Structure formats: structure tokens, C-alpha cells
2 protein chains.
Amino acid sequence: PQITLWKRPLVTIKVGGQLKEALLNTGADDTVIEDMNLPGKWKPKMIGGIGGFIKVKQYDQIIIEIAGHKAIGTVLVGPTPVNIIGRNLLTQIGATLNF
Amino acid sequence: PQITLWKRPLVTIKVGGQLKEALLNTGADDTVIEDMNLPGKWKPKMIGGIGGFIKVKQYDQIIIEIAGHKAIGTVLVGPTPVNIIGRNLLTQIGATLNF
Ligand SMILES: CC(C)CN(C[C@@H](O)[C@H](Cc1ccccc1)NC(=O)O[C@H]1CO[C@H]2OCC[C@H]21)S(=O)(=O)c1ccc(N)cc1
């Protein structure tokens with residue numbers, strides 16, 4: 001697909017057996033998903049952007065499907081205002097920026 | 001060009017006549033640049049990011065060149081951690097996401 005940027009580039013994802021809406025985000029390497037009760041080991045992390053930092057849980061090797069494309073990698077879970085798919089998983093689904 | 005996402009999609013911009021580095025950011029509605037002297041009238045505004053809200057100076061109708069492509073639009077100036085080119089200008093240079 002080609003996604004123009006008039007509107008937020010939102011897609012459906014599947015993670016932890018749940019469907020969610022998420023924003024395709026070239027602005028960070030990591031993926032951040034809103035609080036959800038994912039099973040297994042995690043490590044505390046703090047990530048910072050406009051407005052400051054939030055505390056998240058870093059989960060590794062999380063299976064996540066993005067607009068019908070399978071991926072697996074690190075997923076940060078925490079009180080982000082918007083689910084954001086970062087460059088790490090964008091590369092796995094073959095996403096590029098074009099102009 | 002076509003830009004893959006293994007690395008941060010950083011480009012050189014020119015704004016207020018000065019060269020700077022900035023991040024092409026599909027996860028940003030708006031363009032936010034670190035504090036700088038910029039010619040033009042501005043209006044006080046607030047914007048929210050992952051960590052909360054900040055005050056910015058809103059400059060409308062600003063000439064800005066992005067990786068050699070011309071845009072004229074709204075540039076927010078304030079305490080962002082990274083210069084970011086958001087969708088308001090990415091659309092002007094005809095950027096799309098593709099996978
Ligand atoms: C500021 C960037 C360098 C980094 N961010 C990604 C960025 O794309 C966020 C992604 C984002 C998107 C929506 C809400 C919160 C965060 N967008 C953002 O802050 O944009 C702001 C400018 O335009 C406005 O439109 C959206 C918010 C405003 S970030 O969300 O803060 C972030 C920071 C660190 C990590 N590890 C992961 C993500």
C-alpha cells in the first residue's frame with residue numbers, strides 16, 4: 001500500500017491476541033503500545049519525547065501483526081496517548097518513506 | 001528518494017536561512033524545531049507529545065527547505081528534544097509511507 005500523510009497513518013495491529021489501532025511512526029525506533037496485560041518477562045525503561053518522559057515495560061520478542069504483515073520484536077508497554085509503531089517493526093514489514 | 005528505516009530518517013533543512021538537521025516524522029502532526037531566532041510574527045501555542053504538553057512559538061507560513069524540496073507552512077519553535085518535520089510539511093514535499 002501507499003499511505004499519504006494528509007491524515008494520521010493509522011492501521012490495525014494485532015498484539016497479545018488483541019486488535020488495536022496504531023500510528024505508523026518514523027519518529028522513533030521503538031514501538032510503544034498502551035497499557036495492556038502482556039504475559040512474561042519485562043525490563044523497566046524510561047522513554048522521552050515532547051513533554052518529557054514516561055515509564056514503560058520493555059518486552060522482547062513480542063509477536064505483532066501490522067496491517068496484515070507479521071513482525072516480531074521489542075514492544076514497549078506504557079501510558080502512551082497513542083499506540084505507535086516504530087522503525088524497528090516498520091523495517092520488518094518493509095515500510096519506506098518516499099518522496 | 002526512497003528512505004529505508006534501519007537508521008533515523010535525518011535530513012538537512014534550511015529555515016530562517018540557516019541549515020539544521022531534522023527528523024522526517026510521520027508520527028508528528030506538526031513540525032517542531034528547537035529554540036532559534038526565526039524571522040516572522042508568532043503566536044503562543046501549546047502542544048502535547050508522549051510526555052505531556054509544552055509551550056511553543058507558532059510561526060505560520062514559514063519558508064523551509066527539506067532535503068532540497070520546498071515547503072511553506074507552520075513551524076512550531078520550542079523545547080523539543082529533536083527537530084522534527086511533521087505531516088503538515090511532509091505532505092507538501094509529497095512524502096508517502098509505502099510497504
Ligand atoms: C519526539 C520524537 C523524537 C519521538 N516520539 C515519536 C513522535 O513521532 C511522537 C509520536 C506521538 C504521537 C502522538 C501522541 C504522542 C506521541 N509524535 C509527537 O510528539 O508529535 C508532536 C508533534 O506533532 C503533534 O502530533 C502528535 C503529537 C504532536 S515519542 O513518541 O516521544 C518516543 C520517544 C522515545 C521512544 N523510545 C519512543 C517514542
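Reminder, nothing fancy here: chain letters follow the sequence lines and each chain counts from 1. All ligand and atom numbering here is 1-based and tracks the order in the structure.
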For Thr74(B) and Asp30(B), does a side-chain donor sit closer than 3.5 Å to a side-chain acceptor? no
What are the polar N/O contacts of ligand 1 with the protein below 3.5 Å, with distances?
from	atom 1	to	atom 2	distance (Å)
ligand 1	8 (O)	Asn25(A)	OD1	2.8
ligand 1	8 (O)	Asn25(B)	OD1	2.9
ligand 1	8 (O)	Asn25(B)	ND2	3.1
ligand 1	17 (N)	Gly27(B)	O	3.0
ligand 1	23 (O)	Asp29(B)	N	3.2
ligand 1	23 (O)	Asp30(B)	N	3.1
ligand 1	25 (O)	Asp29(B)	N	2.9
ligand 1	25 (O)	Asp29(B)	OD2	3.2

Any sub-3.5 Å donor-acceptor pair from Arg8(A)'s side-chain atoms to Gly27(B)'s backbone N or O? no
Would you call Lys20(B) and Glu34(B) a salt bridge, using N to O less than 4.0 angstrom? no
If you count every heavy atom of other residues, nucleotides or ligands that lies below 6.0 Å from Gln2(A) atom CD, does the total exceed 12? yes
Side chains of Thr96(A) and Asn98(B) only: does a donor on one sit below 3.5 Å from an acceptor on the other? no
Any donor-acceptor pair under 3.5 Å linking the side-chain atoms of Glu21(B) with those of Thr12(B)? yes
